[PDB]
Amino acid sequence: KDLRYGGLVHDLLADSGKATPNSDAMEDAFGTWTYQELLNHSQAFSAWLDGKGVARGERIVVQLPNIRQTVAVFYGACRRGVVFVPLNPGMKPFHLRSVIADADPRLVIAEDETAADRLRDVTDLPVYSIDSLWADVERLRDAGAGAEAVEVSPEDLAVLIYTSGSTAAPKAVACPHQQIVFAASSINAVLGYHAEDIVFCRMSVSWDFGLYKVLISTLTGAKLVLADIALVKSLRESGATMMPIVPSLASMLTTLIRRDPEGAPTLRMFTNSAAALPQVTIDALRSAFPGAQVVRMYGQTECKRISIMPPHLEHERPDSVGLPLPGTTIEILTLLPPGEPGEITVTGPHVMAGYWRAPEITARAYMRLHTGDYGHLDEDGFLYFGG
């Protein structure tokens, strides 16, 4: 439909960079880039990788906060078939050691010089601070470098997304270009982001929750705001229209909102995943933001996302986490009839390429994804947990 099959991630950026070069693409605490600017910096970063001889298929590990440079790193890497491995700032050292070694990168990008030193303790790979490598990126940007394309297959890996905690063995979902682009397009076919949306994103891009607000905004030409007591004020002052949430962020927001009768009227949608959103939170979100839809979703990183409750149905089937993503199938398993509980299983062009270098773990979970969650489909195709 609007579903994209066989896509490359960086093509999302090239399109918007040509289609709306002068619209705002990314804002952070420090400034704003238009789509032209994001394209230029992404190209410049691609030349920096070329300059360092990082080849197609190799990984870079990037431990950065939510700032404009990280998005340019993501796209520039994509443009060279290099594998973006985003990690959250503040991981414990031993945890980093384990994950960096598993990811097996060509090099590592850190937040600043103190962080670059801590990283040097835990790997022998080359480690670059973002502020120092960025002086070069800007030179390259000024020289117009990296503008050329290179061969990248839709089947090539774009990203490894680590989901394992400290106390666990390292584990990353291995994400090819095509699946990513497909999943973004399918989510958006349900959610309806568009070019005048302003997305207020408080999730790290190291989580697929934030990564996909980068992708979905880029896909549609929207503006992404990379964002504590001031949350209400931030939302209102950014003119935010779309906001991904998790239940703890939504409770916080409803507490904060009662202290501020100016609200954040520009808000039109909250999209919840990751955990079950209680009714009381939903009610309080609608009360503070009567203009906004509160949309329930459910997913796993293994296939990005599984179900979305269509916005227009937000008041119905209160126990459901919605319908399958458009272009995908949910089956309950030996296929069971409707209403019969069983394991939630998922088939489609969003199902990712397994876990990175872990045939054994991959075998149990994976062309069909077994979520290890249990529930049923009602008569109409809607998904529920339990019975």
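Numbering starts at 1 and follows the sequence shown.
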Quiz item: As recorded in the PDB entry, how many deposited residues are without coordinates between residue 227 and residue 228: none, 1 to 3, 4 to 9, or 10 or more?
Solution: 4 to 9
Quiz item: As recorded in the PDB entry, how many deposited residues are without coordinates between residue 333 and residue 334: none, 1 to 3, 4 to 9, or 10 or more?
Solution: 4 to 9
Quiz prompt | Of 378-386 and 4-12, the one with larger mean CA B-factor | solution = 378-386
Exercise. Give the stretch, out of 134-142 and 244-252, with the larger mean C-alpha temperature factor in the deposited entry.
Key: 134-142
Self-check item: Candidate set 322, 342, 326, 349 [ranked by C-alpha B-factor, highest]
Solution: 342
Quiz item: From 213, 194, 95, 304, which pick has the Cα B-factor that tops the rest in the entry?
Solution: 95
Quiz item: Where does residue 80 sit by CA temperature factor within its chain: lowest, middle or highest third?
Solution: middle
Quiz item: If you rank every modelled residue in this chain by C-alpha B factor, which third holds residue 19: lowest, middle or highest?
Solution: middle
Quiz prompt | residue 283 - which third its CA temperature factor falls in, relative to the rest of the chain | solution = middle
Practice problem: Ordered by C-alpha B-factor within the chain, which third holds residue 296? Give me lowest, middle or highest, please. | Solution: lowest
Practice problem: Tell me, lowest, middle or highest third: where does the Cα B factor of residue 358 rank within its chain? | Solution: highest
